[PDB]
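Since the structure comes first, as structure tokens, the remarks are kept for the end.
The basis for the numbers below is simple: all heavy atoms, side chains too, and nothing from hydrogens, waters or symmetry mates. Start at 1 with the first residue, then count along the sequence.
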Amino acid sequence: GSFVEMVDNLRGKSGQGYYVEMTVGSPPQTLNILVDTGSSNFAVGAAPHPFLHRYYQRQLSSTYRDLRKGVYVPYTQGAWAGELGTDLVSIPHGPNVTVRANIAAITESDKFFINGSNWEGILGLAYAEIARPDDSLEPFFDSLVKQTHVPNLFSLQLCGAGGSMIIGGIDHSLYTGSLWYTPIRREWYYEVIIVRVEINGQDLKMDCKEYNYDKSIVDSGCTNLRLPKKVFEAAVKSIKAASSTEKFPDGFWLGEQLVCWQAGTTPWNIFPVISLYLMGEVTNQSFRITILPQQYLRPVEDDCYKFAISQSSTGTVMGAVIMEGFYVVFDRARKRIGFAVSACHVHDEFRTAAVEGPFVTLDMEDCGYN
Ligand SMILES: O=C(NCCS)[C@@H]1CN(Cc2ccc(F)cc2)CCN1
């Protein structure tokens, strides 16, 4: 592909977030920006903070325009407050363009910036509907598409232990096998529909509406695979039974406790695979995406791991757990999301992550929550 200058543009430590190099203002002030497909605001630190090494200085930028309006944005994890404005933004290792975008200048925050994360801002890649204060505040990618010839598409390859955010196209060297697409249900979050869940080839036997109770979303700005109360309970009991060859403390299945082994001795074989079936583009068709323990058990600072599946009250969140196993294509132009086996995904000599289809499924439209 012609996106070789875009490959390997992502960095970020385990459980802290993946970020891209971006510049704001004139002359260009370089900052590292969290890639977040679960929000829609572009906001950078614009005042000193204990965890910030650098921040956006508006007085040093000649192209800064004050919108003279304060903004507050709460997330599931973290919140910030700031002042709205516009300025020139560029992505050094992305498309060779410069755009005027809405930037929220973060002057106040809580549980947002992470110590040692190395990022100083957030790139909300989702749609305008879920942007604060309202959908009149144009997200960065909408600005980028409207002002340049860069196509209405981006793709993410999150690599657990870097990765690539390809803006405008698809690099074929970042995946193996075929690309399977699932329809975007609504343009707010990256809402998808899960039709079936399997733990080590065993169906959870639940009404498929439970898998999407509230919503099912694709979110790079989330560490965990988060599941609705009912689905989480059913999943944990199934994972616990499949991995009964070793006993673990009850706090481990809650993220409260860690589990450790000797270096290189980690027995991945005892932990089951997890398959999420996603609605296909063709009527009565579906495809499954299968993740390994390497994805849902994440290394902690002997090799120690944290159980990276948690419970949710706001629906299914397909986080980095899911996305680190796959090359994900956010095809906005065709209202669909693509999944392919990542070339950088962590696996062993016995098992690998999989994207397989098609599968026959009757009554798919029901699976969505109303
Ligand atoms: O609410 C949020 N995500 C959903 C909960 S998992 C995000 C959390 N993010 C910090 C963060 C992002 C990515 C990551 F890998 C680890 C941490 C700040 C913005 N809001």
Side-chain angles (χ1 to χ4, degrees), residues 20 22 24 33-44 46 56 64-89 91 95 97-109 112 121-154 156 165 167-168 182-193 212 214-222 312-319 328-337 368-370:
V20 65
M22 292 178 83
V24 284
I33 308 298
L34 178 74
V35 174
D36 187 14
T37 64
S39 71
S40 304
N41 281 77
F42 179 59
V44 296
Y56 173 45
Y64 167 72
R65 293 173 188 174
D66 203 340
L67 281 168
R68 286 270 184 243
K69 198 167 87 172
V71 60
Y72 162 73
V73 178
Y75 308 105
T76 309
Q77 187 184 155
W80 57 259
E83 297 157 28
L84 288 169
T86 65
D87 210 333
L88 298 182
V89 192
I91 307 160
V97 294
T98 305
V99 295
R100 178 157 297 270
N102 289 317
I103 319 173
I106 303 164
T107 52
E108 212 61 57
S109 64
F112 180 67
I122 189 163
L123 184 67
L125 288 166
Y127 303 90
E129 196 182 313
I130 56 148
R132 313 278 194 181
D134 59 345
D135 59 355
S136 69
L137 198 78
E138 191 176 79
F140 173 82
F141 211 88
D142 293 69
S143 294
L144 177 67
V145 171
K146 275 199 165 75
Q147 288 167 46
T148 65
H149 288 104
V150 182
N152 197 18
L153 182 147
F154 69 93
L156 288 168
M165 176 173 65
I167 306 152
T182 185
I184 296 172
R185 202 199 177 193
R186 208 219 306 184
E187 285 161 308
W188 59 327
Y189 295 94
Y190 287 102
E191 186 177 19
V192 292
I193 292 166
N212 311 283
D214 207 56
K215 57 186 170 288
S216 295
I217 71 156
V218 189
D219 189 2
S220 62
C222 190
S312 183
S313 60
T314 57
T316 304
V317 180
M318 294 165 74
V328 191
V329 179
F330 292 82
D331 190 1
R332 293 155 62 99
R334 291 166 73 175
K335 208 183 177 182
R336 59 184 202 164
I337 296 162
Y369 174 77
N370 299 306

### Task
Report yes or no: is the cationic atom of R332 (NZ for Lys, CZ for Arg) closer than 6.0 Å to the six-membered ring centre of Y127, at no more than 45° off its axis?
yes
Given side chains that start at C-beta, do those of [X] and [Y] come closer than 4.5 Å, heavy atoms only?
X: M318; Y: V328; answer: no
X: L144; Y: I167; answer: yes
X: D219; Y: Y190; answer: no
X: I103; Y: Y64; answer: no
X: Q77; Y: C222; answer: no

Can you name the closest pair of heavy atoms from [X] and [Y] and give their distance?
X: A79; Y: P74; value: CB-CA, 3.9 Å
X: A43; Y: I106; value: CB-CD1, 3.7 Å
X: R132; Y: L137; value: O-CD2, 3.3 Å

### Query
According to the interplanar angle, ranging from 0 to 90°, do the rings of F140 and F42 count as parallel (below 30°), tilted (30 to 60°) or perpendicular (above 60°)?
tilted
Look at atom [atom1] of [X] and say whether more than 12 heavy atoms of other residues, nucleotides or ligands are closer to it than 6.0 Å.
X: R65; atom1: CZ; result: no
X: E129; atom1: CD; result: yes
X: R336; atom1: CZ; result: yes

### Query
Step by step, would you call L84 with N102 a side-chain contact (heavy atoms from CB on, under 4.5 Å)?
CA-CA 7 Å; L84 288 169; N102 289 317; 5.6 Å; no
### Task
Take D87 and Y56, measure what side-chain hydrogen bond (donor to acceptor under 3.5 Å, both in side chains) needs, and give me the verdict at the end.
CA-CA 11 Å; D87 210 333; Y56 173 45; 2.7 Å; yes
### Query
Run the side-chain hydrogen bond (donor to acceptor under 3.5 Å, both in side chains) check on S39 and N41 step by step: do they pass?
CA-CA 6 Å; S39 71; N41 281 77; over 6 Å; no
### Any donor-acceptor N/O pair, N152 side chain to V145 backbone, under 3.5 Å
no
### Query
Are any side-chain N or O atoms of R185 and backbone N or O atoms of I193, one a donor and one an acceptor, separated by less than 3.5 Å?
no
